[PDB]
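What follows is calculated from the coordinates using simple rules that are stated; it is not laboratory data. Here the Cβ is made from the backbone with ideal geometry for all residues, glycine too, and neighbour counts use every protein chain on show.
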Amino acid sequence: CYXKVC
Amino acid sequence: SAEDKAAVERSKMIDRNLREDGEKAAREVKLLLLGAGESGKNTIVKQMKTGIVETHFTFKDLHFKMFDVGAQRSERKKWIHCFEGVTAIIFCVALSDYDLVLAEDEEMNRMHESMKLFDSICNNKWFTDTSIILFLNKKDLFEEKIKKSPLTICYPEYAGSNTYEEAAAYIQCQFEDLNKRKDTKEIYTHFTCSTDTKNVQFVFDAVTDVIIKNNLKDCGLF
Amino acid sequence: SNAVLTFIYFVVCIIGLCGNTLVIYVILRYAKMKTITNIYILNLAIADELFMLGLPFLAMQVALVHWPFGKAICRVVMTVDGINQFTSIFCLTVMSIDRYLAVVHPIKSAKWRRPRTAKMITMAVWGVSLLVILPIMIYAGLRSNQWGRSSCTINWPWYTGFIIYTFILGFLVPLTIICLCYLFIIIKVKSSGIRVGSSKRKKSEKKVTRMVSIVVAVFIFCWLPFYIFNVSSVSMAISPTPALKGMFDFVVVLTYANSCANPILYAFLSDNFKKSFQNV
Amino acid sequence: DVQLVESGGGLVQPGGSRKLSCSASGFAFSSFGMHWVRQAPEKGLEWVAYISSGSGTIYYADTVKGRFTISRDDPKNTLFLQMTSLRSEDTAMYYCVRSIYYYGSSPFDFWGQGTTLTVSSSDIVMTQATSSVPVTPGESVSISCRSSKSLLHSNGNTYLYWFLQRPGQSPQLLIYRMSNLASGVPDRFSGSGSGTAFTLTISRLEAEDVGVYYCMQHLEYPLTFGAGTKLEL
Amino acid sequence: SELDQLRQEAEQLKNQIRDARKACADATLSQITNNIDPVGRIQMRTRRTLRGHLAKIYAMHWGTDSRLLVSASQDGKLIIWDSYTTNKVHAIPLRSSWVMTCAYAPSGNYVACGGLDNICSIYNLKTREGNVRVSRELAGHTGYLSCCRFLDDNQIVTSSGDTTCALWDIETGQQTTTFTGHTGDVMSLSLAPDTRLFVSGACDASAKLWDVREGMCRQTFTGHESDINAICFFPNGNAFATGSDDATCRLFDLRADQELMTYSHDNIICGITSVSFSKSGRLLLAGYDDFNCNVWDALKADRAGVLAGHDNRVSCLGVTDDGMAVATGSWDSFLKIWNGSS
Amino acid sequence: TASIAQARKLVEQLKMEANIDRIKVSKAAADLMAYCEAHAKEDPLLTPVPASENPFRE
């Protein structure tokens, strides 16, 4: 996860 | 066409001058000036300076237009809607007309005729949200009258006390009780000074507070 | 554990895409157009509408981990959820400067408050955001890191300080401005009716300070734990818990609830728009 | 009343420059479009340039477009024309024409007295094929000219303009837009026609109705003149 | 002594006219017009939308060419419009903002306006210069001005709130006649087709047909409960419809001398601000303050249209001289031009 | 004699308005519907014209 999804 | 392109080109020179004049006239403060007649309206115009007499007295970076409809001996309900979008309403009431009778029919003595007019200006459907500035005009003249005669010929249910500062607990609170729209207006009240500051500074201070609370109703916060 | 996780993304996209349609329905038709606070709440409603249109494209990626064609779809749908997400927090930091210029400077504003210089600001925020998301514009990054099933978040060549950039420009530049441009509104609604000529209706400051502490409590509840989860991701690595697939995916969609509240909060309190919506 | 008077020029060596100014006084010059029109010796008139009111629309004559420069200044109430790289066809008396365009106005009505410039060395054509007519006072005169394109427009009017230049005088609008009489003209003149061929009629000739009777179009730019139709006594 | 017998002598002449009136009221006109065709749902559409006023529009008036029109508004502007292309021919700045009326001269050379300043200002459109300037100001009224109407380039008639109408000579600048019969504020005029009479409704709910050359009230028309806000003449010249704050309008007659048809509706409890007739005299158009101009089939007393495009009250409206258009300026600062499609 | 002159000014006004030679309304109002059917063709709002002659084309 980084920005908007993991 | 060629000439029809220069008529279109002219109409948007008309248009950008109706827009330039109309954004220089939304920055102006419009103020009705009502009252009972010989009630000190002529005094405060001389401070703040045949049909309408539009007095323009732009004084502290804010351009005021004051419209004295004094000599409009006609039905007030037929031309009062012209002043619907108006910032405040300056209303003068003579304090010395407490026991002084009116010259019409020897009715209730010339301040129940002012209070009858205030109830017709507060609760008027065009003035649902135009907050009225109140002036109490003849402050010096009734103090010499309240020592001679008590405040019972006008208000027989008063307390008494024959005092200069007592009548604020009689006269001012009686007029602010006529405000039936106690949630949408404010009835900013004053005692008309004889100095150059404290009778037009109040008109500037209490019309900014109309402007601030007009923006908070415009910017959602109210 | 993505049972209610995939459902809540399309359950907030219904109220969001319909909420900001209700604002443009009452401004593009029953216009003000010269009340310049009604071209900002229009422009915020455009931004919170376009930022909701990229929410169903990200909604399936938590159920179907394999993403659609990242050459074009995942290469630009995070460019549509980058411009419309950085104007739907920049339309409401210029609408909150707009409220500062009215309520505390109601004389010196009107030389720079006419409805032509507001159209030169309300498009100047639409252009600044595309000059801000320029990292996301080129580095779309179709990635297949965990268990295959190629998805689309980012692939940068630095990398650690991009969440600093989305936070020091998308959470501490608006919230510093908004809290200053709303604390100064408190110190003149409780001062013009206090120091200068004053009535007994100075109780109305308690009306202003109630509906103005909402707008930061709504704003900080929908943006702060999103960046708080990301700074733990740039920190020492936590364990990949299956609750972290349930508590990061729920805080991502919490950021799309701020853009659901601005048709409720910034528009449907304003009495000129409330009386417009009551009629229409 | 209304008065346009222009300055500048008279004698210049070829290949040079000259600044023609036109001082306006008596009317609302910031609300008028302004032309320049020239007239070479023993020739007809020829349109030079244009500014719309408010300086929004500038045209030029396609003969010398890019060589001349037309400019106005409303607080000074003058009208400038900068003419550079002066040729030999530029030798003409230059007029200052007043013109206002709204619904129902009379364009091209007030012409200045003029200034002269001498040196030392597609679009519509208006044709007045008659050059001169011998005529005796009292009879009905009928002057006619032809256009190339149809002058009638789809909005409804017919942009043909008439002008009289008396000997030793300035042009004077008689009929604007093919039918309508100008202000202060005698009622004897009348204009008519249909589409491409028109006829100016006078009913009674007088001693000041002698002169050369030009016809202009205004349908699209250039405002092309024709060679004139002389009436002598 | 005798003043209370002249109190009885006054009503002695009033009940005599009452029995002379219901005798000649032999049949109501709606039971003769039972057989005529109702015009159907008149549907008009805002072809043009003339925008550029920035406050309430208080009066408009068409030119005689049916193409130019003047509108007055509370922002102190008098705008001449080309109604064909929505492009403004002139915008005239007024000396007082509080303007309640405006008129176009039948030659189109002149435009008048007036209002709370008790002056009908006359403006010259077709100057030898470029501008529009003030020809004459007509001072001599005591109350506000309600309606100016030109007879020609040199004679205008004005009503006022001092209960007096007045005929003027614009050249000398002073009123040749003064018409004093009303007791309330006169609120509207309409000149006759032949311009040899006019009729004026007042705040005392009375209407009074005058004579411009004699100078006295021919007939006096009652029938309303509240103030009359709007007169226009029928195209015949022998009728006029009064529009009241009573939320009603009624049609009159000079040769019959009583009300004939009253156009009301029980859902309409809002007062009429303007009245105008159509070219056939078949569409009374009236601008109410439930924000929408209604369009009254004037022969049948059943509303046959509505021009509901206005966001505030419809203060002014006028049908052209060829029956072709209709403007309805209103308090939402727009004039909308209405023409029904086939 | 000022308030008597109010009643003076209305008596000869009411009797010069009393001798008006008026006709009953069954001919005086049926001539107003007789105005309309003689002018019902050229009223462009009572009957919409063909749109090629309409100068107001949106």
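Report Rg(Cα)/(2.2 N^0.38 Å) for the range C:8-159, keeping two decimals. Mind dumping the intermediate values first?
Values: Rg = 18.6 Å, N = 152, 2.2 N^0.38 = 14.8 Å.
The value comes to 1.25.
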If the cut-off is 14 Å between C-alpha atoms, which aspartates and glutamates fall inside it for F:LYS15, apart from same-chain ones fewer than 8 positions away?
-> E:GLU9, E:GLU11
For helix F:2-16, what angle does its Cα long axis make with the longest principal axis of chain F, in degrees from 0 to 90 and rounded to 10?
-> 50 degrees
Using θ = phi - 60° and the Karplus relation 6.51 cos²θ - 1.76 cosθ + 1.60, list the HN-Hα couplings for the range D:73-82 in order, rounded to whole Hz, with x at every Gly or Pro.
-> 9, 5, x, 8, 6, 10, 10, 9, 9, 9
Can you figure out the FRET efficiency of D:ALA40 with D:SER144, using R₀ = 30 Å and their beta-carbon distance, to the nearest 0.05?
-> 0.80
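With an 8 Å cut-off on Cα pairs and a minimum separation of 6 or more residues, tell me the relative contact order of the range E:2-340 in percent. If you can, show how the numbers build up before the last one.
Details: 962 pairs, mean separation 48.9, N = 339.
Once divided by the residue count of the range E:2-340, the mean separation gives 14 percent.
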Convert each backbone phi in the range C:20-34 into a coupling constant with the Karplus relation 6.51 cos²θ - 1.76 cosθ + 1.60 (shift: θ = phi - 60°), then list the ³J(HN,Hα) values in order as whole Hz, x for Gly and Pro.
-> 7, 6, 5, 7, 6, 5, 9, 10, 6, 9, 9, 6, 10, 6, 9
Counting every C-alpha pair in chain C, the percent lying more than 28 Å apart is 41 percent
Would you kindly give the portion of the calculated P(r) for chain D that falls above 32 Å, as a percent of all Cα pairs?
-> 18 percent
Given Cβ charges of +1 for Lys and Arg and -1 for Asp and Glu, the option among E:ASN109, E:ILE272, E:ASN294 whose Cα lies farthest towards the positive end of the dipole of the range E:2-340 is E:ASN109
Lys and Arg at +1, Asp and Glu at -1: add these up for the other residues within a Cβ distance under 14 Å of E:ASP185 and post the number.
-> 0
Where does each of C:25-35, B:88-98, C:237-247 land if you order them by average Cβ count within 10 Å, highest first?
-> B:88-98, C:25-35, C:237-247
Collect residues whose amide H, placed 1.01 Å from N in the peptide plane, falls under 5 Å from the amide H of D:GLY33; neighbours closer than 5 in sequence don't count.
-> D:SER53, D:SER99, D:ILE100, D:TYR101
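So what is the relative contact order for the range E:207-333, in percent, with contacts set as C-alpha pairs under 8 Å and at least six apart?
16 percent
Would you mind getting me the FRET efficiency between B:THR152 and B:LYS198? Use the beta-carbon distance for r and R0 = 30 Å, nearest 0.05. List each step's numbers first, then the result.
On the way: r = 30 Å, r/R0 = 1.01.
For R0 = 30 Å, the calculated efficiency reads 0.50.
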Where in the range C:64-97 are there chymotrypsin sites (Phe, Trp or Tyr not before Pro) that are in a DSSP coil and have at most 15 other Cβ atoms within 10 angstrom of their Cβ?
-> C:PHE69
Looking at C:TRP223, C:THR93, C:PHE277, which one has the Cα that reaches farthest to the positive end of the dipole of chain C (charges on Cβ: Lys, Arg +1; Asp, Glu -1)?
-> C:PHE277
How long is the protein assembly as shown along each principal axis, judged by its Cα atoms, biggest number first, in Å?
-> 114, 107, 71
Where Cα atoms sit under 27 Å apart: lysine pairs in chain D separated by 8 or more or lying on different chains | 9
Work out the mean other chain Cβ neighbour count within 10 Å for the residues of E:234-247 and drop it here as an integer.
-> 2
In debye, nearest 20, what is the charge dipole magnitude of the range C:172-280 about its Cα centre with +1 on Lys and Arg Cβ and -1 on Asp and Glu Cβ, if you could check?
-> 940 debye
Please get the size of the charge dipole for the protein assembly as shown, origin at its Cα centre, with Cβ charges of +1 on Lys and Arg and -1 on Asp and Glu, quoted in debye to the nearest 20.
-> 4220 debye
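Between B:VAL8 and D:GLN3, what FRET efficiency follows from the Cβ-Cβ distance if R0 is 30 Å, with the result rounded to 0.05?
For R0 = 30 Å, the calculated efficiency reads 0.50.
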Near the amide H of E:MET100, under 5 Å away, which other amide H atoms are found, from residues 5 or more places off or on another chain, if H is placed in the peptide plane?
-> E:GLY114, E:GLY115, E:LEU116
³J(HN,Hα) computed for each position of the range D:183-197 - Karplus, 6.51 cos²θ - 1.76 cosθ + 1.60, integer Hz, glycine/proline x | 8, x, 6, x, 6, 5, 5, 7, x, 6, x, 7, x, 10, 10
Any idea which of C:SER232, C:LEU180, C:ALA261 is furthest toward the positive side of the dipole for the range C:166-278, if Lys and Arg beta-carbons carry +1 and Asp and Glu beta-carbons -1?
-> C:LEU180
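Quote the charge dipole size of chain C about the Cα centre in Debye, to the nearest 20; the model charges only the Cβ of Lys and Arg (+1) and of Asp and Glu (-1). Kindly include the intermediate steps, with their values, before the conclusion.
Details: 27 positive and 7 negative charges, 330 e Å.
About 1580 debye.
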Considering amide H positions built from the backbone, and no H for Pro or chain starts, which residues 5 or more places from D:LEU79, or on another chain, come under 5 Å of its amide H?
-> D:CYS22, D:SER23, D:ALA24
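Taking the range B:88-187, which trypsin sites (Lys or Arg not before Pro) meet the DSSP loop condition and have no more than 12 other C-beta atoms within 10 Å?
When the trypsin sites (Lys or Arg not before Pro) of the range B:88-187 are filtered for loop state and at most 12 Cβ neighbours within 10 Å, B:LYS125, B:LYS147, B:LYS148, B:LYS180, B:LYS182 remain.
Starting from the coordinates of the alpha-carbon atoms of chain F, obtain the Kirkwood hydrodynamic radius over all distinct pairs and give the value in Å to one decimal.
Values: mean 1/r = 0.0613 Å⁻¹.
So the Kirkwood estimate lands at 16.3 Å.
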